[PDB]
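You are given structure tokens for the same protein chain in two forms, set apart as structure 1 and structure 2.
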Structure 1
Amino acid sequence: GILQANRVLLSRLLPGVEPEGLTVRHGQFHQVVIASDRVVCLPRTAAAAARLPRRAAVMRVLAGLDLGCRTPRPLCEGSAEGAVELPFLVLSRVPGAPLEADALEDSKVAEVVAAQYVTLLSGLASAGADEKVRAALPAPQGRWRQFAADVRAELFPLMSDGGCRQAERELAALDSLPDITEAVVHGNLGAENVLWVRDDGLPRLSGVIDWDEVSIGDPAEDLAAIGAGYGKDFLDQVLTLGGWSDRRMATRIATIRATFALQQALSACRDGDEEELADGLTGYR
């Protein structure tokens, strides 16, 4: 296993910590070892290792943004960004737990949760128009067109005929999407990546984790994730509070939201997370 394989390095990074007591999250390029107060990114390949210098820069940039909440802060020295490759990257662990959809049935919880989503997304949006932000973050062109290709190549073989027909309709709409490169976009802003304080009172946003797919892009991508997780009414509340309820935006969200389970399945496929692949392919096989 990954803990066993990297036991020597982990003993140095986490002195006195028993390897078996730790946990692992699967990424496309990195395996993420989760300790009590910090996480250790271990590159799966040498190409993944060559990515880590850039990742350290990106996480430092995110750590400087005004989002109203925490992000995983790089615990390397600044010079690690100038390396050709790193054998690891350590980040601070964001405290808190996901919010279950249940909590939103209370309309005061819903308001306060929505407002904090708006602070986060407004900060990401404004940060998108900043050249030092734009310089450190990727900004792929025709990502939608290309995502559709990846789905047809990588996921259709795992689907039923009916599934492929369902997915085809969803993917086809994507070619209508404008290529928006305005905001910092998390790219995977499902409920498990948004952490709230385990404290008395109403939910308070602790921070956001798993920035693997972060880019300069379309804010509708993150709003789509929220809609997929929490449904139309909560989304509409976020859009209203944030000033984003125009029909152009609403339409892009709709289009992207219909692909969001496929985005999850594509991720699970590439990082070998079996259960999340099964979840993602629910109703496509």
Structure 2
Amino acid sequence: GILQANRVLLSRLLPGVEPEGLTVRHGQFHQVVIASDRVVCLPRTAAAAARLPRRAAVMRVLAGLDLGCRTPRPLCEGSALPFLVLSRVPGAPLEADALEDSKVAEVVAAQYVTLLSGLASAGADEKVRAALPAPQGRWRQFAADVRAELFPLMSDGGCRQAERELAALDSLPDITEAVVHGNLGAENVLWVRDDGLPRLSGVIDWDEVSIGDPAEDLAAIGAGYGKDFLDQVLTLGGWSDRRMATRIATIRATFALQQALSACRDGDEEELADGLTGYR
């Protein structure tokens, strides 16, 4: 298996730990080996091995930001196939059932605001801007990939309604003021319950991290938990103007296509079908 193949590395990084006891979350680009208090990122393709140095450097930069919560901190890096040991953020995700409690929502939203605030502030820092990437015309490049790859798979009516969504992207300004997680899903935000009310342990999965528009992350929160909750976060954070709502609404439309676009490339039939549900 994957554990047997890397037993030499695991014996070094995790001395005495039985490899077959561990779990391996086979992600998209990396193969993270889940240990008790840490994980071990390994590149699947050769291209991922080339980016791992800067990825490791990026993760260290994120570790020195005041986000009001933990992030995977680099512990070790080398070769054998390059590797990166990151700290395991404790706590589990939060289901939408919990937000039905009003007092919980206040707390959860407030800590989300503190997180997004820290990300916003960090984007101003010159050091952070140099460390992290900031692609120009990511949406127009995205639109071209969608038009190339997904349009053939879509219906006539689906292409119309898709083109309207891609048309909206050109209206958006190319903002690069804040740090953007890029995939701020519910399962990527970990929480501490059973002590008091939920307390944000930390965020994980920063593979789509960049300097960009913070609406992207707000949209992700809205995709996870919905209208009423996002409104609460916007009102507390003071991001409830029309232009911000427009940017959020516009970006959220692409989430279905982004799922399909990725699934198309890595031959995921279940994801591709789900992403194209409306578009055919």
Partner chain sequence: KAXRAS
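Between two forms, the rigid core is defined as the largest C-alpha subset superposing within 1.5 Å. Residue numbering: structure 1 sequence, from 1.
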Check against labels, form deposited with its partner chain bound ends up as structure 2
After superposing on the rigid core, which residue among 98, 95, 157, 142 shows a C-alpha displacement of 2 Å or more between structures 1 and 2? 157
Once the two forms are fit on the core, has residue 170 moved its CA by at least 2 Å between structures 1 and 2? yes
Once everything's superposed on the core, is residue 251 shifted 2 Å or more at the Cα between structures 1 and 2? no
Taking the rigid core as the superposition reference, indicate whether the CA of residue 26 shifts 2 angstroms or more between structures 1 and 2. yes
Taking the rigid core as the frame of reference, how far in Å is the Cα of residue 48 displaced between structures 1 and 2? 1.1
I need the CA movement of residue 218 between structures 1 and 2 once the rigid core is aligned, reported in Å. 0.4
